[PDB]
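Quick one: experimental structure and sequence below.
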Amino acid sequence: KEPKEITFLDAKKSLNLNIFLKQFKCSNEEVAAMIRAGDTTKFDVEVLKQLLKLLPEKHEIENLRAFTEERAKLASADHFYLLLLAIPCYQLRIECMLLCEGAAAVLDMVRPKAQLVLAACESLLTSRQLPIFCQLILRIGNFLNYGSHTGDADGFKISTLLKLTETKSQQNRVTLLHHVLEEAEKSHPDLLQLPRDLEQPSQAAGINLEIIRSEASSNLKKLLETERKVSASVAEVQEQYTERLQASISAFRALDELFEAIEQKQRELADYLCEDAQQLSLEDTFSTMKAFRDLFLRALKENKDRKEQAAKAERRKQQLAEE
Amino acid sequence: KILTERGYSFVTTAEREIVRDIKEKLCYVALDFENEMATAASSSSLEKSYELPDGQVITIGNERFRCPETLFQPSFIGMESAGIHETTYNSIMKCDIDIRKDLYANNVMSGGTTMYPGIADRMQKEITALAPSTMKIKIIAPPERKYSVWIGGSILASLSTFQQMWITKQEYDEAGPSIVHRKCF
Amino acid sequence: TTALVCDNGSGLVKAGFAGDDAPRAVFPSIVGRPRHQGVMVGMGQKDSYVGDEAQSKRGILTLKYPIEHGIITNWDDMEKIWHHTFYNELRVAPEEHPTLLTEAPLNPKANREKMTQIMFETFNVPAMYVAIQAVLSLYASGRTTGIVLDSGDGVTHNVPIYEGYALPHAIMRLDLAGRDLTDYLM
Amino acid sequence: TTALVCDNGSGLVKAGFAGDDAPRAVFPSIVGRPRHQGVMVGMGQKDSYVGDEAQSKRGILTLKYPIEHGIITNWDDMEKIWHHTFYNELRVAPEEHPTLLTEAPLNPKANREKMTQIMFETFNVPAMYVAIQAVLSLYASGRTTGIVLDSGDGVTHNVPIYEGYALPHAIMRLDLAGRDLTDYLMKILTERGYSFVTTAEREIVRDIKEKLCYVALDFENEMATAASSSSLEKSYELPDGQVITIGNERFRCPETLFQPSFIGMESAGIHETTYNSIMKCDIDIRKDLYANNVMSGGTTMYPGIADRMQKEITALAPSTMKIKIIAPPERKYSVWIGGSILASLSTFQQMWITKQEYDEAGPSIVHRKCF
Amino acid sequence: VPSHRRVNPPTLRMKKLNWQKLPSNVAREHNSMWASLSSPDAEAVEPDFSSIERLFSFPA
Ligand SMILES: Nc1ncnc2c1ncn2[C@@H]1O[C@H](COP(=O)(O)OP(=O)(O)O)[C@@H](O)[C@H]1O
Ligand SMILES: Nc1ncnc2c1ncn2[C@@H]1O[C@H](COP(=O)(O)OP(=O)(O)O)[C@@H](O)[C@H]1O
Ligand SMILES: [Mg+2]
Ligand SMILES: [Mg+2]
């Protein structure tokens, strides 16, 4: 029978470790070898999170080191912790594998989005059809506000583009933006190539850049602390992990250079819109231009449906007149 | 219902098993329903022939993906409710914000109904459309998912701490068939 | 001009004019071909008799139903039915008359496709429409809502319509009607 | 000129003329679109249905609430609500009558912006005002001091007012009211086997909530009584002739108001919110707030809520203070009554927002004029 | 003197747009968008004032 498993743990933690161990579909010696070799193929964020959440405790390590009987009498959990205690700097190796996989995940997460945000700022500073379209909106608004204090102006802010769909006609179906695009479909079609410049401003950030920047800075700080602990550790851990740490710190330093470039382009976009930089001129401008591009394409689609319905109504009227 | 568009009538219970075998063999989840419908309307590349046990051969086209599209668009049968990706996103948004990042990267799909060979990329696309671009979206799709509940039961069978959790005959005689409510969740 | 209402039902075809009360030509849809040998020369011996003339001479004719459970089987036979009810029964020009046609629910689509092809190409029309039979039965009832159990000669279907709106998920089709009752009686 | 009072709450709209007691037009704020596609003729069928017409044909209509937790989501649906309550219910022009409007406290300001823009551009008025529902509830109370718990369909807010001076820092808003109680009741009727998944069934479960549900004086004693005996079980006939019978779910539904951990909300009950809003005030005025606890809104129309509220406040407060719950029978209509009281005031006639003020200041004077 | 300020006066009453008026000196800055638009060599798209007077005017 042998029920005396001499397990120093309780039931729940040994239960969760027996849940955790059985998904590897192999012996715990292979698990201890993969910890010692630093192999990150089978070790994603969640597995190493569960492994750090099922760490051995101080009295558990003391009872394992005071165990003087036969090691086959132990359970698989206590034998796995003895294999884990056999690895020198095992928690350091687990933290290196977790931080390397998490650093690769956060870098592949943030860096194309940060390149999208930088390309969005570069296309918002330099846009081709945007001054001609803003001059047309300015001339139409100066005709519309003739005789009021808002009229006879030489410009407007970027929040006016959100307010274009607020003004509607007598029918309350064709807006100001819909009428301007119905006129621009006939006269100046190059303004319909406005989203091709705004396609890198399309989809915005969609995120808070301070959240990913604080996560990137905290990950870089954790990588620096980890590289300092590996530099205090043995040379096997150094030859295992120092090149990966150096590549991760170098890529996050390139990410911080990219974030400083986004700050410089944010100040340039604040000076572009003639607004102070103390207000949010970064995420509000991305959300404003994303909503402007979505309303622009929706005005194109609704004017297309309006012209198709008018042509189908003309065809139905001609077919009723012929019959 | 939609196999009568081409003229293959099925009214009996054995015909339900035949169409169930057709659904298990031929049907698949489309990645984009409008492009697949336009392609099936344009060219007859997706048309596949099935041989019935009497010897007759039928051929179906767009209905290979129109049947699992009811999983994403439940208004096909008039079941007016959200899609299963929308059901998943509303179940995620019912949770705390602290644990949402864990659930975004741990989307396990079980059951044989999720054994269509297009479901993971479409499900990741729909969740990634529904969720913001903050957190990692990862769909867990094991190949052995159809028996996985049984497999998990076998995982729960041989464990050492499950012996106290067994509902005995004596506990059944003591508490009726009602200790399963207070013991199991 | 005047529209034409022609119910091409499974057993009987009822044709007539729009706005009229009783249908003008009610006749069973059968095709009668001679099965024995003709021995008299001349005398207008046709190779196919349609409808009431096929009903009259039915002792020497093999009779074929073109519609089987709401599905037109022989399209040439249905062409002969449509030519007979257009040119012999009602005696109208199809190119100057709109035409309503009736159809069973949950019917295969290519039947409607070939009906559109014959009624736009063979008998070309100014206009045509294809309508669900239960909707027409509720319109003859005059009430906006209800449920129609429409059982013809081939199709018995249950269709509920609430406030003029059809509910397609509850449409229930069963191909058990009076021809099968006739075969069970035989 | 007869002023208008149009209480546009989240679930219902109570509109009518000022200087009146009973609200003239009470109808639910739902917009019914056709769920299934069908054109037909129908002798001129309407493309959308408002309120009682949407309630009448609700089996085949997708019902959309334009207001969620006091915040207008679909503004065109709200414009259709406004057009029906101006032209069909009351049958008055907007440009010949001033119209007082209500608002929950701690509203985001763009709702007030678009409300002012719609009320001056497309449904143009001679004058309008945007007010606070708890102030009108205290006006219907008739006193000047006191704290008001106003619980509509999405918003339950506690506002203390001393001598006509509302304290803005002590205003406490919790987004938990009768729609969330209806959603919790739809969640808990599935234990007995009855399924309700559609928005038309939400009206049936809401009618079950309005008729049969009640506030328990003690939750645990009522739970033990319902577990012991079925004397608290009540039956209800469904519109298809079916009869259901429910037990503890009569009082499990309002206990979300006193314990929001049932639906997983981490906030405390409305009694604790009331005690924290009173204790956020100055110490000198708290005795008047304990004696003038005013309950309004239709969510507080359950027939046990004043006794349970007095029990929980007297458990929470020091015992020397006199605990009094002001619970009128007309607390459902009290916001519209106080709106008629405020619009009937001759001193309030200098406080209206004119069309010329809207033209001069843009759509921005309503933050400076209204509180 | 610029092309965009040369607006013919409307005969009928026109509907009013809402935007916050930029100063003329800020908009005519050399880094600003509108100083190049105030130049006559830029493409001055003339609005069809007859269509806006036909459509967007106030009904009596
Ligand atoms: N008096 C009657 N009693 C019972 N059944 C009848 C009677 N008269 C006709 N029928 C049945 O109804 C059928 C005719 O239905 P019909 O109106 O032609 O439907 P459809 O137009 O859809 O074919 C016949 O086949 C016959 O079996
Ligand atoms: N008899 C009742 N029992 C419970 N709740 C009710 C009852 N009557 C109305 N209500 C609730 O009152 C709310 C309607 O608020 P109402 O007093 O009409 O103000 P408003 O018009 O500003 O919404 C609805 O959410 C409804 O749930
Ligand atoms: Mg028929
Ligand atoms: Mg109201």
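Ah, there it is. Residues are numbered from 1 along each chain as shown, chains lettered A, B, ... in the order given. Ligands and ions are numbered 1, 2, ... in the order given.

Kindly confirm my reading that residue A:280 is in a strand.
No - assigned with DSSP: H, G, I helix; E, B strand; the rest coil, residue A:280 falls outside any strand and is coil.

what's the neighbour count on it?
Number of residues near residue A:280 (other C-beta atoms under 10 Å in any protein chain shown) recorded here: 12. The way it works is simple: take the backbone N, C-alpha and C, and place the C-beta from them, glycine included.

quick one: it from residue A:95, how far?
36 Å (C-beta to C-beta, to the nearest Å).

Chain E: strands as residue ranges?
Taking DSSP state E to define them, one finds no strands in chain E.

residues in contact with residue A:220?
Residue A:220 makes contacts with A:249, A:252, A:253, A:256, as judged by C-beta atoms under 8 Å, 6 or more residues apart in numbering or on different chains.

Isn't the first one up against residue A:223?
Translated: residue A:249. Yes - if you go by C-beta atoms under 8 Å, residue A:249 and residue A:223 touch, sitting 5.3 Å apart.

and chain B, which residues reach ligand 3?
Selection of chain B residues close to ligand 3 by C-beta under 5 Å from the ion yields an empty set.

Contact residues of chain B facing chain D?
Residues of chain B that fall close to chain D, judged by C-beta under 8 Å from any C-beta of the partner chain: B:78, B:80, B:81, B:94.

Which among these count as buried?
Buried members of those, scored by 16 or more other C-beta atoms under 10 Å in any protein chain shown: none.

that older thread, and residue A:249 and residue A:223? which has more neighbours close in?
More neighbours surround residue A:223 than the other of residue A:249 and residue A:223, with 23 against 17 (other C-beta under 10 Å).

residues in contact with residue 43?
Picking chain A for this. Contacts of residue A:43 by C-beta under 8 Å, 6+ apart are A:34, A:97, A:98, A:101.

meant chain B, my bad for not saying
Going by C-beta under 8 Å, 6+ apart, the list of residues near residue B:43 is empty.

same thing with residue E:37?
With contact taken as C-beta under 8 Å, 6+ apart, residue E:37 is in contact with A:131, A:132, A:134, A:135, A:138, E:4.

which element is the residue of the stretch 51-200 of chain A found nearest ligand 3 on?
Closest contact between the stretch 51-200 of chain A and ligand 3, by C-beta to the ion, is at residue A:173 (44.4 Å). Counting by DSSP states H and E, no helix or strand carries residue A:173.

burial count for it?
With other C-beta under 10 Å as criterion, residue A:173 counts 10.

And it, how close does it get to chain B?
Distance, residue A:173 to chain B, by C-beta to the nearest C-beta, to the nearest Å: 27 Å.

Make CSV from the contacts of residue E:37 and add distance to chain C to it.
Shown next, in CSV, are these (distance: C-beta to the nearest C-beta, whole Å):
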residue, distance to chain C
A:131, 52
A:132, 49
A:134, 48
A:135, 51
A:138, 49
E:4, 54
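
Which of these fall in helices?
Counting by DSSP state H, the contacts of residue E:37 place A:131, A:132, A:134, A:135, A:138 in helices.

isn't the first one right next to residue E:36, touching?
To tie it back to what came earlier, the one meant is residue A:131. Yes - contact criterion C-beta under 8 Å: residue A:131 and residue E:36 qualify, at 6.8 Å.

Please give me every residue in contact with residue A:296.
Residues near residue A:296 by C-beta under 8 Å, 6+ apart: A:177, A:181, A:194, A:195.

The first one and residue A:295 touch, don't they?
Read that as residue A:177. Yes - checked against C-beta under 8 Å, the pair residue A:177 and residue A:295 is within contact range at 6.5 Å.

what's the closest non-adjacent residue to the residue in chain A positioned nearest to ligand 4?
Proximity of chain A to ligand 4 (C-beta to the ion) peaks at residue A:172, 25.2 Å away. Excluding the flanking residues, the one nearest residue A:172 by C-beta to C-beta, 6 or more residues apart in numbering or on different chains is residue D:122, at 7.0 Å.

I'd say residue E:49 and residue E:9 touch.
No - with contact defined as C-beta under 8 Å, residue E:49 does not count as touching residue E:9 (9.9 Å).

neighbour count winner among the two?
residue E:49 (15 against 9).

got a list of what that one touches?
With contact set as C-beta under 8 Å, 6+ apart, residue E:49 has these partners: A:143, E:8, E:10.

Residue A:62 too?
By C-beta under 8 Å, 6+ apart, the contact set of residue A:62 is empty.

likewise residue A:133?
So residue A:133 contacts A:184, A:191, A:194 (C-beta under 8 Å, 6+ apart).

Contacts for stretch A:242-252 next, please.
A:96, A:99-100, A:103-104, A:107, A:111, A:216, A:219-220, A:223-224, A:226-227, A:230-231.

Mind telling me which residue of chain E is nearest chain D?
Closest approach between chain E and chain D, counting by C-beta to the nearest C-beta: residue E:18, at 6.3 Å.

mind listing the strands for chain B?
With DSSP E as the criterion, chain B has strands at B:48-51, B:57-60, B:107-108, B:139-140.

Just give the strands next to the third one in its sheet, each with its orientation.
Each strand that strand B:107-108 pairs with, and the sense of that pairing, follows from DSSP bridges: strand B:139-140 (parallel).

will you turn the contacts of residue A:220 into CSV that also has secondary structure?
Formatted as CSV, these follow (three-state DSSP):
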residue, secondary structure
A:249, helix
A:252, helix
A:253, helix
A:256, helix
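
Next, count neighbours for residue 40.
Going with chain A. Other residues close to residue A:40 by other C-beta under 10 Å number 17.

Wait, chain E was what I had in mind.
So residue E:40, with other C-beta under 10 Å, has 8 neighbours.

What residues does chain A have near chain C?
So chain A meets chain C at residue A:323 (C-beta under 8 Å from any C-beta).

From residue A:66, how far off is residue A:59?
Using C-beta to C-beta, residue A:59 is found at 10 Å from residue A:66.

Which positions in the longest helix along chain E come out as buried?
Identified as the longest helix of chain E according to DSSP H is helix E:49-55. Using 16+ other C-beta under 10 Å as the burial criterion, the residues of helix E:49-55 that qualify are residue E:52.

likewise stretch A:9-22?
A:9, A:13, A:14, A:15, A:16, A:17, A:18, A:20, A:21.

got it, and stretch A:23-42?
Buried-residue list, stretch A:23-42, by 16+ other C-beta under 10 Å: A:28, A:31, A:32, A:34, A:35, A:36, A:38, A:40.

ok, now which ones touch residue B:161?
A:11, A:12, A:14, A:15, A:18.

excluding its backbone neighbours, what's nearest the first one?
Nearest residue to residue A:11, sequence neighbours excluded (C-beta to C-beta, 6+ apart): residue B:161, at 4.3 Å.
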